[PDB]
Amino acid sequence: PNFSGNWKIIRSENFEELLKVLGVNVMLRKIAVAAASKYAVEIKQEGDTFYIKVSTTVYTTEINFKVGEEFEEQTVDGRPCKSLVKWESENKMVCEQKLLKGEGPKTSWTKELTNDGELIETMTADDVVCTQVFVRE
C-alpha cells in the first residue's frame, strides 16, 4: 500500500475512555481530548520502513520502525515500551507493546488505509479501543 502523506484528523472516538483506563485524571483527560482534535500524522513509507511524525499544537514526536523489527517508543500515557509491528492484511498493520519497567494495562495500536482514502488509527488499552480517522491534507 502507500501510507505516505500528511494526514489530518476528522473524527476521534473513545479517547477519553482510553485515558481513563490509563489512569489520567478527569481535568487532564478533557484537556487531552481537546488536544487530540488538532492531531496530525505525517508518514513516509519506503517498503516496510516507516517514518511517522505525530503532532498536536504544542507537541511533536517521530516514530521510526521497520515491520518485524523490535523498537522502542512510548505508550499513549507516556511510559517507555518495546514495540513490534506486523502486517495483518495488505493495508493494515498492528503493533504490540510491552512495558520496559513496571506493569500496567496491555496496550497496542493499529493503522489502516481504507479503500475510500481514509487512514484509520486505533489505540487499545485492555478492553477499550480508541478510533481516530484521518484524511489527506
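Counting begins at 1, following the sequence as shown.
Stretches compared: 70-78, 26-34. Higher mean C-alpha B-factor in the entry: 70-78. Look at the C-alpha B-factors of 95-103 and of 53-61. On average they run higher in 95-103. Compared with the other modelled residues of the chain, the Cα B-factor recorded for residue 122 ranks in the lowest third. When the CA B factors of the chain's modelled residues are split into thirds, the value for residue 6 lands in the middle one.
Per the deposited record, the Cα B-factor of residue 18 falls in the lowest third when ranked against the other modelled residues of its chain. In the deposited entry, the Cα temperature factor of residue 83 places it in the highest third of its chain's modelled residues.
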